[PDB]
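> below you'll find the sequence and an experimental structure to go with it.
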Amino acid sequence: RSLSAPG
Amino acid sequence: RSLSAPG
Amino acid sequence: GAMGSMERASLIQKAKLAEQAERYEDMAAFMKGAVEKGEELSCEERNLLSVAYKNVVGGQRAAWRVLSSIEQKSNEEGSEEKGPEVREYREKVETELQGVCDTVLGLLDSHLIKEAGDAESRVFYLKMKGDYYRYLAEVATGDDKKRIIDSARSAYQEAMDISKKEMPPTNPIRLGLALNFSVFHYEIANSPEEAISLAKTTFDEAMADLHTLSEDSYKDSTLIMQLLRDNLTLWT
Amino acid sequence: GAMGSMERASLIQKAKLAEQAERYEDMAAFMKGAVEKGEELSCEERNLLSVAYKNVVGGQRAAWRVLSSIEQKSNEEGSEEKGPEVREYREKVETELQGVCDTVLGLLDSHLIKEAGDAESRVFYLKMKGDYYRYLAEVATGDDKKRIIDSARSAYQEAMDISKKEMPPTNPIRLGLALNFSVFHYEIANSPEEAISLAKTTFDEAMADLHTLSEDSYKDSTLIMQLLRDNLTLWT
Ligand SMILES: [Cl-]
Ligand SMILES: [Cl-]
Ligand SMILES: [Mg+2]
Ligand SMILES: [Mg+2]
Ligand SMILES: [Mg+2]
Ligand SMILES: [Mg+2]
Ligand SMILES: [Mg+2]
Ligand SMILES: [Mg+2]
């Protein structure tokens, strides 16, 4: 799955 | 800390 | 509200303690209580709100994916019927996930977005609105799904328009927004070419602006640029 | 009970799904509902009950330790007073932890232990009783602590007496019991020499019985023996 923005 | 029994 | 009797500053202090203790449900409840005091959130406080709900919904999403995969295998040809339990439990987790997303969307609507006038706050909240509609879209299946997808797209698009006018291309909020909108395109909207185009243009425009940054800002921006590159490697 | 309307078999099925999804609070609620059906638990079902509550209380214990450490640093000389928030939040987590321990102890008392006649079930439950009193002891500070410690000791001792009469020295329940009683001695009862003696004797008696075991049983027993050795390395 694609990577999304972290904290 | 000491190790205790796992599942 | 169960946090109505606690001081705003105490709620923020306890949110930070809960983060240290990896108690993210508590952290989210404390930050919800802080939002409901009615004052705007500082940069640090917005980050605390985002971290808390990201971790709560992240656990729900991971659990939902495990259960959805088991359920899909149970519906393959040759599988012995196991009764309604897998579907029921997937539905339970799904409903809880939807409840958290609705809670976050409700905070943004009452009244974080409408009071957010600076670019950094308004883009942050609109990105969050896109994100939590995207998480709703991940589990949506009815005549619901198209409208949820449009709601995510609309929030991301408004955030993009503001970010391109008001922030440099290396701004970490702008970068994380573009990253998440590209994920929306690839994973939700069945638009992999739009995802790839957005990730590439975002990466290249940030690269050209890195020379303006301090060492610390450079590290912040390149961290998110690497995620854009990592996705492009997976997608191409 | 909120699980009172669900079939026992469905509760067990859902506990297994919750384990796969790492939803341990759900898992514990399902297994509590299964216990409250009033029938004895099979070997597999006892393991599910233990896994569920071990993971729930394990997260609480880790969080309590983080918060207790922050609180202790706040009470060192030269620390600026931060108000009551650290203590209040540590107390919140502590009370939740104590509630989970009381829930488990209540299930054992109503009526798992009294109906457990076979050595494998009775030793399992008495070990659990010792374990959850030990977790209560980890956070106890009043005139409460001595009685909680004695309750843990008493449960472990009864379990040990049965296990030595009824199980071979390589039995994994017997081994895990002896391991946890040695941890009780070292960490709770201020008896490191008793801890070391018990770990050594347990290890040596199991070593001498390994020749009787199948390959699979050998793997099960040596896994726990290695934990005894790991503790002896830390303690000596
Ligand atoms: Cl369910
Ligand atoms: Cl609190
Ligand atoms: Mg006030
Ligand atoms: Mg549904
Ligand atoms: Mg193309
Ligand atoms: Mg029935
Ligand atoms: Mg207390
Ligand atoms: Mg000695």
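Okay, I see it. Numbers count the residues shown, from 1 in each chain, chains lettered A, B, ... in the order given. Ligands and ions are numbered 1, 2, ... in the order given.
> from residue C:66, how far out is the residue of chain C most remote from its centre?
What lies farthest from the middle of chain C is residue C:78; by C-alpha atoms, centre = their mean that is 38.1 Å. Residue C:78 sits 21 Å away from residue C:66, taking C-beta to C-beta, to the nearest Å as the criterion. Just so you know, the C-beta spots here come from the backbone N, C-alpha and C atoms, and that holds for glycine as well.
> repeat for residue C:129
27 Å.
> out of those two, which sits in the more crowded spot?
Set residue C:129 next to residue C:66 and count neighbours by other C-beta atoms under 10 Å in any protein chain shown: residue C:129 wins out with 23 against 18.
> which ones are touching the residue in chain C positioned nearest to ligand 2?
The nearest approach of chain C to ligand 2 comes at residue C:14, 5.6 Å away (C-beta to the ion). Going by C-beta atoms under 8 Å, 6 or more residues apart in numbering or on different chains, residue C:14 touches C:6, C:26, C:30, D:85, D:88, D:89.
> check residue C:22 too.
When contacts are counted by C-beta under 8 Å, 6+ apart, residue C:22 touches D:59, D:62, D:63, D:66.
> what's the closest of the residues you listed to residue D:232?
Residue D:232 has its nearest neighbour among the contacts of residue C:22 in residue D:62, at 24.2 Å by C-beta to C-beta.
> please compute how far the helix or strand hosting that closest one lies from its chain's middle.
In this assignment (DSSP states H and E), residue D:62 forms part of helix D:43-74. Averaging C-alpha positions (C-alpha atoms, centre = their mean, to the nearest Å) puts helix D:43-74 10 Å from its chain's average.
> tell me which other helices or strands it touches.
Secondary structure elements in contact with helix D:43-74, counted by 3 or more C-beta pairs under 8 Å, 6 or more residues apart in numbering or on different chains; DSSP states H and E, are helix C:8-20, helix D:8-20, helix D:24-35, helix D:85-107, helix D:119-139.
> dump the C-alpha coordinates for the third one into CSV.
By that I understand helix D:24-35. Output in CSV follows, covering the C-alpha atoms of helix D:24-35 (Å, rounded to 0.1, in the frame of the first residue of the first chain):
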residue,chain,number,x,y,z
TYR,D,24,-6.9,-7.2,22.5
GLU,D,25,-9.5,-5.2,24.4
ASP,D,26,-12.2,-6.8,22.2
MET,D,27,-10.5,-10.2,22.6
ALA,D,28,-10.7,-9.9,26.4
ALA,D,29,-14.3,-8.8,26.3
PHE,D,30,-15.2,-11.8,24.1
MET,D,31,-13.4,-14.2,26.4
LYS,D,32,-15.0,-12.6,29.5
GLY,D,33,-18.3,-13.2,27.8
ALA,D,34,-17.4,-16.8,27.1
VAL,D,35,-16.3,-17.4,30.7
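> and residue C:63, what does it touch?
Residue C:63 makes contact with C:93, D:21, D:22, D:23, according to C-beta under 8 Å, 6+ apart.
> err, residue C:194, not the other one
C:182, C:185.
> try it again at 7 Å.
Taking C-beta atoms under 7 Å, 6 or more residues apart in numbering or on different chains, we find residue C:194 in contact with residue C:185.
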